[PDB]
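Next up: just one chain, as structure tokens, the form deposited in one PDB entry.
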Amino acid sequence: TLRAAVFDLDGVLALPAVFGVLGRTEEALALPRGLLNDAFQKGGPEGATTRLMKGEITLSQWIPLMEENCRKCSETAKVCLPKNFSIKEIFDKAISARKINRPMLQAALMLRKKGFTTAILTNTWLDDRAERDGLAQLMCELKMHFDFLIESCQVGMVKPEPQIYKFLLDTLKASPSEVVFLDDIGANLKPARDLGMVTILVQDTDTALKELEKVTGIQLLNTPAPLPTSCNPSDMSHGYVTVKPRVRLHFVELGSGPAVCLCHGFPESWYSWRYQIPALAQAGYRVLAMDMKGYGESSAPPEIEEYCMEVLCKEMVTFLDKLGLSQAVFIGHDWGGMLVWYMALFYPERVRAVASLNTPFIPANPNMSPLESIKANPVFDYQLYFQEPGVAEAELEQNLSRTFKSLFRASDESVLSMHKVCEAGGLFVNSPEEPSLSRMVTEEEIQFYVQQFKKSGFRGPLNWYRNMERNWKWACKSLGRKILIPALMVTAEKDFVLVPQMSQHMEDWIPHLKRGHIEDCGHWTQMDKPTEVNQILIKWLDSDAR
């Protein structure tokens, strides 16, 4: 039975094949057919290209040797190369033009999810060109999705040499009949076949995938749309900043570019952004996914007053100070969405751009106390259950697995009703002991939340709801202001607590506000509709935040 799938890079995982630019160049310049391909392979094993692929020389050292080979071939063919001929120019264009073959990567990702060991085996070079970063970025994006990356220039061996296949088998810890090997070069498939490996000659992706699906017996073509890449906690960069003597903030960090600070809601974690972190980094941003104060690896002091909006925002500013960041784009959800609007109102010089998922911006009413506002707004009735220190803590902390399984549900999964919480005496009074697992999460993901909440529990998180009056007084100071920095409001159709219509008057205070809207999306936006969230955020980031 097959248990490993091996992919070539050029012409298989990446297209157009850099190799194929030689052919296109010949035709575009009306040079003899095969002239450039012949100069490329000149000398075979003893040649310049083999030395390059084995790692003996770098790509910049190879270019002049390739030029001499082109000159030799043209002389023998009795043709002239045009005056502006440049191997560097041809290869820069070719490499930069080459992109990930998304359907091939999708198939590799599927096989890996089904228990296959996956690997990339490629004849590649040491790239020291001024423009090498483009290739480095491509290799980075691709390689993360595989168990092994075997580069000829690193192992000092090349396909079609037999030792590289023995090397591949050794790294896979697999016998040849357990391996499917995909390559676009028939000569490079032959040694894999000779050992008894299943081989696929890749021309068009579709036929290659049909052959692959048939041999593995796993559906790879016409598959449902896959979810965005998630995060494995143990594989992330974990950052820690002390903002004040007793308070430290934890964050996960990925990517390069403008800083994007992700602020989760109640009762969540940095992990609620798992589907956003890889996509935003890939989009050219430096992501900082927070464990907000009271959560996960961040400090959780007991005092209610430590969780008022004024102190929480102050600490986020210190956070930027300590990291040496003059600004960051702030993206928040739920309680984090409330915090991000306040960062825009109080610290606009530190906020590159602001985006909120579900949480609307509603100015404080100076003529009505928060108790009175809730009296006039019964949808927020349950928040009075969160008020008394210890009551909601005891219910939420009783059974952690039941807590997360009850809360984290899609709109059609019998979501907890927030109406009647006070009348009924708790969040879960009409909830089962052993809730079913929502399609949004795996059991493992639930256990991650359970493990995180074992450290500090629900006290610090519930404290975010315990500063109504303090937050109201501070918010009233900002009543004459308007939010004039770049801003995005993302509404979720089926969030019954943070309803889209609650955001309807936002333009009065944020005139240049941009909007996004997600259909059939409940409260847990990021995991409910990850693909849609990613598309809305990236589009807005690229146009408005930079």
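When you see a residue number, it is the position in the sequence shown, counting from 1. For clarity, a rigid core is taken as the largest C-alpha set superposing within 1.5 Å between two forms.
Asks: Decide which of the stretches 131-139 and 295-303 has the higher mean C-alpha B-factor, going by the entry.
Replies: The stretch with the larger mean CA B-factor is 131-139.
Asks: Quick check on the record: does 318-326 or 153-161 carry the larger mean Cα temperature factor?
Replies: According to the PDB entry, the answer is 153-161.
Asks: Sort 96, 237, 467, 269 by C-alpha B-factor from the entry and give me just the highest.
Replies: Top of the list by C-alpha B-factor: 96.
Asks: Name the one of 227, 261, 311, 243 with the greatest CA B-factor according to the PDB entry.
Replies: The listed residue with the largest C-alpha B-factor is 227.
Asks: In terms of the chain's CA B-factor thirds, is residue 16 lowest, middle or highest?
Replies: Within its chain, residue 16 is a highest-third residue by C-alpha B-factor, going by the deposited values.
Asks: Among the chain's modelled residues, which third holds the C-alpha B-factor of residue 480?
Replies: Middle third, going by the recorded CA B-factors of the chain.
Asks: Considering every modelled residue of the chain and its Cα B-factor in the PDB entry, is residue 31 in the lowest, middle or highest third?
Replies: According to the entry, residue 31 has a C-alpha B-factor in the chain's highest third.
Asks: Name the third of the chain's ranked CA B-factors that contains residue 541, choosing lowest, middle or highest.
Replies: For residue 541, whose C-alpha B-factor we compare with every modelled residue in the chain, the answer is the lowest third.
Asks: Among all modelled residues of this chain, ranked by Cα B factor, put residue 66 in the bottom, middle or top third, i.e. lowest, middle or highest.
Replies: Its C-alpha B-factor belongs to the middle third of this chain's values.
Absent from the display: the form deposited in another entry. The rest refers to it.
Asks: Can you tell me which of these residues, 130, 376, 140, 187, is the one whose C-alpha shifts by at least 2 angstroms between this form and the one not shown after a rigid core fit?
Replies: Single residue meeting the criterion: 376.
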